[PDB]
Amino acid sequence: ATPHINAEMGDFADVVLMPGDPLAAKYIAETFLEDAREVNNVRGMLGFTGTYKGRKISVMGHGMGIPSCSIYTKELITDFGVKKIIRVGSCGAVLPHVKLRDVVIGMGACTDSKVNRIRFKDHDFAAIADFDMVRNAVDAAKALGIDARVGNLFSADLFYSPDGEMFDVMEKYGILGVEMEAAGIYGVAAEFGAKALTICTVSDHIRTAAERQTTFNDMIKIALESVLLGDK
């Protein structure tokens, strides 16, 4: 067990899907995994392991923000032998061209966090996903006929930013979506030699429960299917 995870080596698969919401992880395990058992409940951060089309797969919330997910992903990679992390969350759009409910894949993630600067001697570290995983997600999305843009995310430290101007800058530089974890996860993946990817669904443009349901399931399918592609 780790300081934040009450489980033993083997309890997780070598690939973990991670929403921000513990309850989202719960719904994923119950909806897409088979014979899914609970493996973590410390701090209510619900973690489950099961199988998807024969493939052993884990899902577990990571909570909100870079420092929260940095703890969880780190402990998974170093003490649970996890190799691939796929964050599956939502984000805000700044580009008018980006439609509500669109699926975005962050090959990169900008940030206003300082954690990568602390890692990289206060220089510019390009927080990037694993290309193979990005590819797998793009293919899996086509096989499902779902349109998915591939580009930069922006990982915010402040959900409620005192600087509205920054949004004009993100837009000028083509940021697909604004969330709060990607850049941080990519940093941890680089620090501890694993691989990761963030996939999001535009929950709103920052500028009903019906659609919001399947649109979520699309993303999960893409994530799950993409693992199978990577398995080949």
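Quick note: we count residues from 1 along the sequence shown, nothing fancier.
According to the entry, the stretch of the deposited sequence that connects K53 to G54 contains no residue lacking coordinates, so the chain runs unbroken between them. Comparing 179-187 with 36-44, the stretch with the higher mean C-alpha B-factor in the PDB entry is 36-44. Per the PDB record, of the two stretches 125-133 and 147-155, 147-155 carries the greater mean B-factor over its C-alpha atoms.
Taking the deposited Cα B-factors for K99, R87, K74, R117, the highest one is held by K99. Considering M170, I28, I66, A194 together, the PDB entry gives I28 the largest C-alpha B factor. Compared with the other modelled residues of the chain, the Cα B-factor recorded for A109 ranks in the lowest third.
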